[PDB]
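Participant: Got query.cif for you, mmCIF, C-alpha atoms and all ligand atoms:
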```
data_start
#
loop_
_atom_site.label_atom_id
_atom_site.label_comp_id
_atom_site.auth_asym_id
_atom_site.auth_seq_id
_atom_site.Cartn_x
_atom_site.Cartn_y
_atom_site.Cartn_z
CA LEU M 7 -8.00 6.15 -12.41
CA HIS M 8 -8.01 9.35 -10.44
CA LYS M 9 -6.48 10.64 -7.25
CA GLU M 10 -8.72 12.08 -4.55
CA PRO M 11 -7.87 13.93 -1.37
CA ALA M 12 -7.52 12.48 2.05
CA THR M 13 -5.68 13.50 5.27
CA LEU M 14 -3.76 11.16 7.49
CA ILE M 15 -5.39 10.08 10.74
CA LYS M 16 -2.92 7.37 11.85
CA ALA M 17 -0.35 5.04 10.46
CA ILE M 18 -1.20 1.49 11.47
CA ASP M 19 1.25 -0.96 9.88
CA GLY M 20 3.11 -1.60 6.64
CA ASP M 21 0.02 -1.94 4.50
CA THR M 22 -2.83 -0.39 6.53
CA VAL M 23 -3.28 3.33 7.28
CA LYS M 24 -6.23 5.35 8.59
CA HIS M 25 -7.14 8.44 6.64
CA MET M 26 -9.98 10.86 6.62
CA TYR M 27 -11.66 10.41 3.23
CA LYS M 28 -14.70 12.45 2.14
CA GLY M 29 -14.78 13.70 5.70
CA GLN M 30 -14.98 10.24 7.32
CA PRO M 31 -12.41 8.09 9.06
CA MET M 32 -11.58 5.03 6.93
CA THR M 33 -8.91 2.36 7.35
CA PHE M 34 -7.24 1.72 4.01
CA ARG M 35 -5.58 -1.54 2.96
CA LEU M 36 -3.06 -0.93 0.23
CA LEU M 37 -3.89 -2.65 -3.07
CA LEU M 38 -1.69 -5.26 -4.62
CA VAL M 39 0.83 -5.68 -1.75
CA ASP M 40 1.46 -7.65 1.40
CA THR M 41 3.73 -6.36 4.08
CA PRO M 42 4.80 -8.68 6.93
CA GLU M 43 2.75 -8.39 10.12
CA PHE M 50 4.47 -6.30 12.78
CA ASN M 51 5.39 -9.46 14.74
CA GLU M 52 7.15 -10.96 11.63
CA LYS M 53 10.52 -10.37 10.11
CA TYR M 54 10.66 -6.93 8.38
CA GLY M 55 7.25 -6.10 9.81
CA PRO M 56 8.52 -3.36 12.05
CA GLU M 57 10.62 -2.00 9.15
CA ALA M 58 7.60 -1.96 6.81
CA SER M 59 5.48 -0.25 9.43
CA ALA M 60 8.13 2.37 9.96
CA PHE M 61 8.56 2.89 6.20
CA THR M 62 4.87 3.47 5.60
CA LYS M 63 4.54 5.65 8.75
CA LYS M 64 7.37 7.92 7.64
CA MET M 65 6.07 8.24 4.16
CA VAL M 66 2.51 9.19 5.12
CA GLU M 67 3.48 11.34 8.19
CA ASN M 68 5.96 13.44 6.27
CA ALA M 69 3.62 13.96 3.31
CA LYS M 70 2.22 17.41 2.72
CA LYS M 71 -0.47 15.90 0.55
CA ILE M 72 -2.04 12.46 0.88
CA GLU M 73 -4.09 11.11 -1.99
CA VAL M 74 -6.19 8.04 -2.37
CA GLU M 75 -6.75 6.30 -5.74
CA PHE M 76 -9.37 3.59 -6.07
CA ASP M 77 -9.13 1.03 -8.82
CA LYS M 78 -11.97 -0.07 -11.11
CA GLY M 79 -13.41 -2.77 -8.88
CA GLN M 80 -14.26 -3.31 -5.28
CA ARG M 81 -13.56 -0.25 -3.13
CA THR M 82 -13.91 -1.94 0.26
CA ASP M 83 -13.01 -5.38 1.43
CA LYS M 84 -14.95 -7.74 3.57
CA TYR M 85 -13.63 -6.05 6.75
CA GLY M 86 -14.77 -2.65 5.57
CA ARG M 87 -11.28 -1.45 4.74
CA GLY M 88 -10.87 0.81 1.74
CA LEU M 89 -8.86 -0.73 -1.07
CA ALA M 90 -6.69 1.89 -2.73
CA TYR M 91 -3.36 3.08 -4.01
CA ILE M 92 -2.07 5.66 -1.57
CA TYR M 93 0.16 8.55 -2.62
CA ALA M 94 2.41 10.73 -0.48
CA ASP M 95 3.38 13.97 -2.28
CA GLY M 96 2.77 12.19 -5.57
CA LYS M 97 4.79 9.03 -4.71
CA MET M 98 2.84 5.78 -4.48
CA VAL M 99 3.32 4.12 -1.15
CA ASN M 100 2.36 0.73 -2.52
CA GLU M 101 5.07 0.89 -5.16
CA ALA M 102 7.71 2.29 -2.79
CA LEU M 103 7.20 -0.57 -0.32
CA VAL M 104 7.63 -3.11 -3.12
CA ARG M 105 10.70 -1.31 -4.51
CA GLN M 106 12.33 -1.45 -1.11
CA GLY M 107 11.71 -5.16 -0.61
CA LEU M 108 9.31 -4.35 2.34
CA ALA M 109 6.27 -5.83 0.59
CA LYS M 110 5.54 -8.56 -1.89
CA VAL M 111 3.17 -8.08 -4.82
CA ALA M 112 0.11 -9.98 -3.62
CA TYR M 113 -3.66 -10.14 -3.55
CA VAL M 114 -3.95 -9.45 -7.23
CA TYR M 115 -7.64 -9.75 -8.00
CA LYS M 116 -8.96 -9.32 -11.49
CA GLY M 117 -10.55 -5.92 -11.99
CA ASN M 118 -8.57 -4.22 -9.22
CA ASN M 119 -5.18 -4.68 -10.78
CA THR M 120 -4.40 -1.52 -12.77
CA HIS M 121 -0.94 -1.03 -11.27
CA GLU M 122 0.08 -4.68 -11.26
CA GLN M 123 2.76 -4.52 -13.85
CA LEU M 124 4.26 -1.30 -12.34
CA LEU M 125 4.51 -3.09 -9.00
CA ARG M 126 5.93 -6.31 -10.43
CA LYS M 127 8.65 -4.30 -12.12
CA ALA M 128 9.50 -2.74 -8.73
CA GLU M 129 9.59 -6.18 -7.16
CA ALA M 130 11.94 -7.48 -9.73
CA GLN M 131 14.35 -4.69 -9.08
CA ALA M 132 14.11 -5.19 -5.30
CA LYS M 133 14.75 -8.87 -5.79
CA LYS M 134 17.82 -8.21 -8.05
CA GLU M 135 19.10 -5.86 -5.35
CA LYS M 136 18.49 -8.56 -2.72
CA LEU M 137 16.72 -5.95 -0.57
CA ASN M 138 15.16 -6.74 2.77
CA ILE M 139 12.61 -9.56 2.29
CA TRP M 140 14.70 -10.68 -0.69
CA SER M 141 17.98 -10.74 1.32
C1 LIG Q 1 -5.34 -6.44 -0.34
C2 LIG Q 1 -6.70 -7.18 -0.26
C3 LIG Q 1 -7.03 -7.97 0.81
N1 LIG Q 1 -8.26 -8.58 0.88
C4 LIG Q 1 -8.56 -9.59 1.97
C5 LIG Q 1 -8.04 -10.96 1.55
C6 LIG Q 1 -7.48 -11.52 2.86
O1 LIG Q 1 -8.61 -12.23 3.51
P1 LIG Q 1 -8.33 -13.12 4.82
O2 LIG Q 1 -8.36 -12.15 5.95
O3 LIG Q 1 -9.55 -14.03 4.83
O4 LIG Q 1 -7.01 -13.82 4.70
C7 LIG Q 1 -7.11 -10.29 3.66
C8 LIG Q 1 -5.64 -10.06 3.57
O5 LIG Q 1 -5.34 -8.79 4.25
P2 LIG Q 1 -4.15 -8.63 5.31
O6 LIG Q 1 -2.84 -8.96 4.58
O7 LIG Q 1 -4.28 -7.21 5.74
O8 LIG Q 1 -4.40 -9.69 6.43
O9 LIG Q 1 -7.86 -9.21 3.11
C9 LIG Q 1 -9.16 -8.40 -0.12
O10 LIG Q 1 -10.30 -9.02 -0.07
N2 LIG Q 1 -8.92 -7.59 -1.14
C10 LIG Q 1 -7.67 -6.97 -1.26
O11 LIG Q 1 -7.51 -6.33 -2.29
CA CA Q 2 -0.17 -7.87 5.77
#
```
Rewrite the structure of this file - the entire thing - as structure tokens.
Ligand SMILES: Cc1cn([C@H]2C[C@H](OP(=O)(O)O)[C@@H](COP(=O)(O)O)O2)c(=O)[nH]c1=O
Ligand SMILES: [Ca+2]
Facilitator:
Amino acid sequence: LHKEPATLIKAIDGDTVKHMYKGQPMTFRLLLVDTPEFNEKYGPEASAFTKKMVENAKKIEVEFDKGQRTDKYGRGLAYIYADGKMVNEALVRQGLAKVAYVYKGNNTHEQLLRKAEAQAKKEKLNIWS
């Protein structure tokens, strides 16, 4: 896989963010995770986590996997990096997302994320508390 440039347009919630990609606005849904909805427990905390990470970033990058690049709502499906740190992984490591939505062929970082999850669960962090 390869990283590609994007610039933040707006943080939306824990697992959705709007970026300008190839010069066009696109809402991205983070691959391989599920954050709680804002109205659910830890949802505001996930939203705030993601927002801080992407807002403070000097450099946003998008990384598509090998499969589907957009979902049925037209959202981009990617791994998102903030100054080289993967948002998707960081959410999981902090117990602010579960590994989820693992579809065959867009699952390159699955095992990386599951390892993060296991450590968040051992630590009894957030969702796992
Ligand atoms: C993360 C992800 C979600 N989706 C779809 C499945 C779910 O469909 P349904 O809307 O029919 O439940 C929805 C979950 O996203 P959200 O967690 O953002 O709601 O998005 C994909 O198709 N591919 C993906 O990789
Ligand atoms: Ca969600």
Participant: Can you tell me how far atom CA of residue M:64 sits from atom CA of residue M:17, in Å to one decimal?
Facilitator: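 Atom CA of residue M:64 sits 8.7 Å away from atom CA of residue M:17.
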Participant: Rounded to one decimal place, report the atom CA of residue M:131-atom CA of residue M:57 distance in Å.
Facilitator: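 Computing it gives 18.8 Å between the two atoms.
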Participant: So which one's closest to ligand CA 2 (chain Q), M:10, M:122, M:21, M:77? Using only C-alpha atoms and all ligand atoms, please.
Facilitator: M:21
Participant: Take atom CA of residue M:16 and atom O1 of ligand LIG 1 (chain Q) and report the distance between them in Å, one decimal.
Facilitator: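 Taking atom CA of residue M:16 as the start and atom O1 of ligand LIG 1 (chain Q) as the end point, the length is 22.0 Å.
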Participant: Excluding residue M:112 and residues on its chain fewer than 3 positions from it, collect all residues at most 9 Å away from it, counting all atoms listed in the file, and give them as a list in words.
Facilitator: residues 37, 38, 39, 40, 109 and 115 of chain M
Participant: How would the residues just picked look written out with C-alpha atoms as a CSV table (one decimal), in the frame of the given file?
Facilitator:
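So result-v6.csv came out as:
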```
chain,number,residue,atom,x,y,z
M,37,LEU,CA,-3.9,-2.6,-3.1
M,38,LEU,CA,-1.7,-5.3,-4.6
M,39,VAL,CA,0.8,-5.7,-1.8
M,40,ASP,CA,1.5,-7.6,1.4
M,109,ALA,CA,6.3,-5.8,0.6
M,115,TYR,CA,-7.6,-9.8,-8.0
```
